[PDB]
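Peer 1: Questions regarding the structure given below will be posed in turn.
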Amino acid sequence: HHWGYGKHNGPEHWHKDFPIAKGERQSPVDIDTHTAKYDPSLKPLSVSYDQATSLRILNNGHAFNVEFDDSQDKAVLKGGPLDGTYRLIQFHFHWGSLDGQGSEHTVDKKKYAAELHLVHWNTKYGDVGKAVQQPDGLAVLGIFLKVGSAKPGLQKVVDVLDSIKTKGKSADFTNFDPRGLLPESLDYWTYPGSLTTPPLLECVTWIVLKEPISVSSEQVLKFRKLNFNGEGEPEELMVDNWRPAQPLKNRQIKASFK
Ligand SMILES: NS(=O)(=O)c1ccc(C(=O)NCc2ccc(F)cc2)cc1
Ligand SMILES: NS(=O)(=O)c1ccc(C(=O)NCc2ccc(F)cc2)cc1
Ligand SMILES: [Hg+2]
Ligand SMILES: [Zn+2]
């Protein structure tokens with residue numbers, strides 16, 4: 003009746019309404035470190051988030067999104083495997099009901115507690132709607148989260164969750180700095196893929212960072228307290244909102260380091 007991550011409308015049923023689910027460049031995938039190709043022509047990543055304007059945070063029934071003002075080149079992504087300028091529009095996480103699961107991409111079959119997705123679109128296309136009709140329209144920066152010590156920069160996000168507990172709720176969320184969520188190194192793996200939720204459009208250049216960020220048990224616990232349902236509907240905790248690794252098919256994963 004609408005997709006989800008439940009037994010009856012989860013990832014394994016998505017192909018019925020979204021045929022592209024069995025496509026050739028679907029994400030996420032397992033990153034086999036020994037088979038990825040060191041490509042020395044890949045340039046270093048350029049992250050310019052100093053003029054970033056966050057606006058709102060909302061629970062959309064599948065995850066929570068922090069939205070940004072993308073009317074101008076305030077927060078961009080360039081370099082690496084990219085051609086042109088990509089504007090940050092929003093970021094979200096995927097996580098599990100337990101620490102040994104949660105990420106979408108895996109490294110040598112290893113799953114992390116959660117995964118962060120910073121979503122950007124190609125400025127050459129004018130608006131996001133046009134970008135989703137192109138093979139090089141989007142660029143998502145993936146960052147793994149492992150459980151250990153607390154991440155200061157994440158607490159601001161964790162505190163506001165109580166006000167967006169149920170589907171459809173949103174809270175004002177200004178002056179948040181996304182730079183606080185970055186690992187120390189910007190080394191990455193890259194490959195051509197797709198959105199990991201319906202409509203699953205194959206319009207994404209994936210950039211997965213090698214170095215994960217550390218978050219505390221308490222911080223991750225608060226993500227698990229959110230709800231998939233709207234207010235007044237029976238309660239279903241928001242956990243395990245991640246799609247299983249897909250076949251690599253005819254693709255090659257290139258690394259920016261050896
Ligand atoms: N400029 S703003 O802060 O108000 C803004 C923020 C987020 C979004 C969004 O998440 N929708 C994405 C989206 C919508 C349609 C598509 F075809 C592709 C992506 C849209 C506008
Ligand atoms: N987990 S992920 O990074 O892959 C991801 C990023 C963005 C979106 C999205 O904007 N959906 C809206 C949307 C609606 C209609 C469209 F035609 C296109 C996008 C979905 C998944
Ligand atoms: Hg596309
Ligand atoms: Zn995502």
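PDB author numbering puts the sequence shown at residues 3 to 125, 127 to 261. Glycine included, every Cβ here is placed at the ideal spot set by N, Cα and C.
Would you list the residues sitting across from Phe-147 in a DSSP beta bridge?
Peer 2: Answer by DSSP bridge pairing, in chain order: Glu-117.
Peer 1: Using C-beta distances below 6 Å, list every residue in its chain close to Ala-116, excluding the 5 sequence neighbours before and after it, in chain order.
Peer 2: Closer than 6 Å at the Cβ level, and outside the excluded window around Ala-116, lie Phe-95, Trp-97, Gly-104, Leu-148.
Peer 1: Answer yes or no: the CB of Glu-205 versus the heavy atoms of ligand 4, is any distance below 8 Å?
Peer 2: The answer is no for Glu-205.
Peer 1: Can you determine whether any heavy atom of ligand 3 sits closer than 8 Å to the C-beta of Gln-136, and answer yes or no?
Peer 2: Relative to ligand 3, the nearest heavy atom lies less than 8 Å away from the CB of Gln-136.
Peer 1: Go ahead and pull the three-state DSSP assignment for residue 2.
Peer 2: With the chain covering 3 to 261 only, the question about residue 2 has no answer from this structure.
Peer 1: What are the boundary residues of the alpha helix (DSSP H) that includes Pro-155?
Peer 2: 155–163
Peer 1: For the alpha helix (DSSP H) holding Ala-174, just list the boundary residues, first then last.
Peer 2: That residue, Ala-174, is in no alpha helix (DSSP H); its beta strand (DSSP E) goes 173–175.
Peer 1: What's the call for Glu-106, buried or exposed, on a 16-neighbour Cβ count within 10 Å?
Peer 2: buried
Peer 1: Can you tell me which residues form a DSSP beta bridge with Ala-54?
Peer 2: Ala-54 pairs with nothing; no bridge assigned.
Peer 1: Can you give me the C-alpha to C-alpha distance between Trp-209 and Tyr-51, rounded to a whole angstrom?
Peer 2: About 19 Å.
Peer 1: Does the Cβ of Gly-140 lie closer than 8 Å to at least one heavy atom of ligand 3?
Peer 2: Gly-140 has its CB nearer than 8 Å to a heavy atom of ligand 3.
Peer 1: In its own chain, which residues sit with a C-beta less than 6 Å from the C-beta of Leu-47, not counting the 5 before and 5 after it?
Peer 2: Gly-81, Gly-82, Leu-189
Peer 1: CA-CA distance, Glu-239 and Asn-232?
Peer 2: 6 Å
Peer 1: What do you reckon, are the CB atoms on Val-218 and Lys-154 nearer than 9 Å?
Peer 2: yes
Peer 1: Let's test the definition: count the other Cβ atoms within 10 Å of the Cβ of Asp-72 and tell me whether it reaches 16, buried, or not, exposed.
Peer 2: buried
Peer 1: Please list the terminal residues of the continuous beta strand (DSSP E) segment that includes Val-78.
Peer 2: 78–81
Peer 1: Which whole-angstrom value describes the C-beta separation of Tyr-88 and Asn-244, a residue pair presumed to lie in contact below a C-beta threshold of 8 Å?
Peer 2: Contact doesn't hold; Cβ gap of about 24 Å is too wide.
Peer 1: DSSP beta-bridge partners for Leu-47?
Peer 2: For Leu-47, the pairing in a beta bridge is given by DSSP as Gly-81.
Peer 1: Between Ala-174 and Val-31, which are expected to be in contact by the criterion C-beta below 8 Å, what is the C-beta distance as a whole number of angstroms?
Peer 2: In this structure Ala-174 is not in contact with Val-31, their Cβ atoms being roughly 34 Å apart against a cut-off of 8 Å.
Peer 1: Between the Cα of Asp-110 and the Cα atoms of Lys-213, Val-223, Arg-254, which residue gives the shortest distance?
Peer 2: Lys-213
Peer 1: Less than 8 Å between the CB of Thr-37 and some heavy atom of ligand 2, yes or no?
Peer 2: no
Peer 1: Does the distance from the C-beta atom of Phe-179 to that of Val-78 stay below 9 Å?
Peer 2: no
Peer 1: Measuring only the C-alpha atoms, how far is residue 1 from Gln-222?
Peer 2: Here the chain comprises residues numbered 3 to 261, so residue 1 is not present and cannot be evaluated.
Peer 1: Tell me the residue span of the beta strand (DSSP E) that contains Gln-92.
Peer 2: 88–97
Peer 1: Say yes only if the C-beta of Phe-70 is nearer than 8 Å to one or more non-hydrogen atoms of ligand 1, and no if none qualify.
Peer 2: yes
Peer 1: Does the beta-carbon of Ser-73, which I'm using as the reference point, lie nearer than 8 Å to any heavy atom of ligand 1?
Peer 2: yes
Peer 1: With H, G and I counted as helix, E and B as strand and the rest as coil, what does DSSP make of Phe-66?
Peer 2: strand
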